[PDB]
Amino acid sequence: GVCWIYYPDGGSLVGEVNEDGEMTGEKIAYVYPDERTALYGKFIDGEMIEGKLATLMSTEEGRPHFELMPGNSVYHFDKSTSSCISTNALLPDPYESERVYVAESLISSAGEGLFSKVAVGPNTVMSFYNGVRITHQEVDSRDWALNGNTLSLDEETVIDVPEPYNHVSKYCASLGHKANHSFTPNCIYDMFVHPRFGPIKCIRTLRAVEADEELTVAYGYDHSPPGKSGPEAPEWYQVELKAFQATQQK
């Protein structure tokens, strides 16, 4: 009865289905896109109730074989709320934990940045961009001082990492919001279906990246609103845009 469900991002859900073809049982797993790191345990209809850190070792005629890793950290479906970004804000993501770290940015005055822990190839998921879900209207109606971490998820939803959670001392369940901007980025924001965070975005490399290299992404603000007037972006970004284009000739 083993059924494998691969998401477009490369992650998967795997396990014996119920008499009704649902992903419900005590030996179900979510497997990250590395096809190695897994969250193994209790799921109900594809939803993670208690997944323990595991390693997918081999598969035999469709059936996977996991080794349960040491430690006692459990994970569960824990979608953010308006009163709660996460039930366990200081419980890091284990896949992300292996691939990235936060340190001072190499970009001048840019604050903290996100760095690779390891050498990876192109097309590699590195970090997750979880946050509270809000509307584009609320975001457009407020000061930029509040919109440093807003990321458009879909047409209807914006993911945000509001104060205090933009600090690792308060939130480290995901680290996507720590990656700084570049017009020549080594990463892109891409869709991701996460078993703990739900549908969010991730940071995926565009090219090979070495260990201790800073991860950057194109923030992609609108450079030419219908509006009459020029890019709707924070001032620091407008300055960098001017400087970058001076290396291009406009």
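Take the two forms, superpose them, and find the largest set of C-alpha atoms that agree within 1.5 Å; that set is the rigid core. For every residue, the number given is its place in the sequence shown, counted from 1.
May I ask which stretch, 96 to 104 or 79 to 87, sits farther from the shown form in 6 other deposited structures of this protein once every structure is superposed on the core, judging by RMS CA distance? Of the two stretches, the larger average C-alpha offset in 6 other deposited structures of this protein falls on 79 to 87.
Output the stretch, either 182 to 190 or 53 to 61, that has more C-alpha displacement from this form in 6 other deposited structures of this protein following superposition by the rigid core. Of 182 to 190 and 53 to 61, the stretch deviating more in 6 other deposited structures of this protein is 53 to 61.
Is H223 left out in a third or more of the other entries? Yes, left without coordinates in at least a third.
Check whether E232 goes without coordinates in at least a third of the other compared PDB entries of this protein that model residues on both sides of it. Yes, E232 lacks coordinates in at least a third of the other compared entries that model both of its neighbours.
Select between 95 to 103 and 75 to 83 the stretch whose C-alpha atoms have the higher average B-factor in the entry. Mean B over CA atoms: larger for 75 to 83.
If you take the mean CA temperature factor per stretch, which one wins between 43 to 51 and 60 to 68? The recorded data point to 60 to 68.
Out of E112, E155, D160, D143, whose C-alpha atom has the biggest B factor in the entry? Answer for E112, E155, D160, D143: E155, with the highest C-alpha B-factor.
Which one, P33, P199, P225, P185, has the peak C-alpha temperature factor per the PDB entry? Largest recorded C-alpha B-factor: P225.
Pull the Cα B-factor of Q137 out of the PDB entry and bin it into the chain's lowest, middle or highest third. Tercile = highest for this residue's CA B-factor.
Looking at the entry's B-factor column for C-alpha atoms only, identify whether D9 ranks in the lowest, middle or highest third of its chain. Within its chain, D9 is a lowest-third residue by C-alpha B-factor, going by the deposited values.
Cα B factor band for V209 (lowest, middle or highest third within the chain): Answer is middle: the recorded C-alpha B-factor places it there.
What third of the chain, by the recorded C-alpha B-factor, contains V193? Answer is lowest: the recorded C-alpha B-factor places it there.
So where's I28 on the chain's Cα temperature factor ranking, which third? For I28, the deposited C-alpha B-factor lands in the highest third.
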